[PDB]
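# Geometric and topological summary
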Amino acid sequence: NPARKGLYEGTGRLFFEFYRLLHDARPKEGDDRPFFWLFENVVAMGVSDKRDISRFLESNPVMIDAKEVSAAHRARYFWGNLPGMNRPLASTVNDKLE
DNA sequence: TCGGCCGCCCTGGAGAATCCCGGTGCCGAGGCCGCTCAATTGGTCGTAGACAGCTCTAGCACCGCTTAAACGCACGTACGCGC
């Protein structure tokens, strides 16, 4: 999109609200109750953008393409700390691949 | 990204003009009257036209050549028409 404003301008900066409230909702250190998070974005973002997000969320994104399980070209970055979230995509008979 | 601009259908609402409907008034048309002159009737002549007869002119019909032109097909570019 030629008119794009990046990550710190326009509607790009709306992620930081989520980042804040996620941090506020996260248990404090020493409180070992289970807690999990998942954030999504488009693969086609700026390299400096992706880097800044990777620095802020203290993780590298997993790239997952929808087409393997969802028959759509929607390649998306997924930040999060779900266990075993690196594992390859499996297909289920219920899901539609065509 | 993403919010602000031109057809399309659908629809009808103000709105200036027009049709319909009454109310009034007037002057032009329908009807009555005298009268007088043009339509009618009767008769008579005179010739325009109806009709018989003849004739003889041209109009229709036919036929055979003879090319002059009408027809038919290709074709291509100039003009009719839509935008």
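The following paragraphs examine the structure supplied in this document.

Calculation notes
- Residues numbered from 1 in each chain as written, not as in the entry; some residues may be left out.
- Chains lettered and ligands numbered in written order.
- Part of a larger assembly, values for the part shown.
- Heavy atoms only, no water.
- Buried < 20%, exposed > 50% of the residue type's maximum accessible area, 1.4 Å probe, protein only.
- Helix = DSSP H or I, 4+ residues; strand = E, 2+ residues; numbered from the N terminus.
- Contact = heavy atoms within 4.5 Å.
- Pairing = 2+ DSSP bridges.
- Axes fitted to C-alpha atoms, helices over the stretch in contact; angles between N-to-C directions.
- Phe/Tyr/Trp six-rings, centres within 6.5 Å; stacked < 30°, edge-to-face > 60°.

Take helix α2 (residues 47-56) next. Along α2, the positions that sit buried rather than exposed are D49, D52, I53 and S54. Of the surrounding secondary structure, the elements contacted by the buried residues of α2 are α1 (15-25), β1 (38-42) and β3 (75-80). One or two steps after α2, the chain reaches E58, where phi turns positive at roughly 55 degrees.

This brings us to unusual backbone geometry. A positive phi angle, close to 55 degrees, is found at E58, a residue other than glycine. By the element assignment, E58 lies in the loop between α2 and β2 (62-65).

This paragraph deals with the sheet that holds β3. What the 3 strands build is an open sheet, ordered β1-β3-β2; its pairing is antiparallel. A strand with exactly one partner marks an edge of an open sheet, and here the two such strands are β1 and β2. When strand polarity is set aside, the average angle formed by the axes of neighbouring strands in this sheet is 35 degrees.

Turning our eyes to something else, we now look at the packing of aromatic side chains. As enumerated under the stated definition, the model contains 10 aromatic pairs in all. When the ring of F15 is compared with that of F18, the centres are 6.0 Å apart and the planes differ by 40 degrees; the resulting orientation is tilted. Here the residue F15 and the residue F18 both occupy positions in helix α1, the gap between them amounting to 3 residues, near one helical turn. The exposure class of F15 is buried, given its relative accessible area of 8%. When the centroid spacing of 4.4 Å and the interplanar angle of 40 degrees are considered together, the rings of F15 and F39 count as tilted. Of this pair, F15 sits in helix α1 while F39 sits in strand β1; the two residues are 24 residues apart in sequence, bridging distant segments of the chain.

Just geometry here; none of it tells us what the structure is for.
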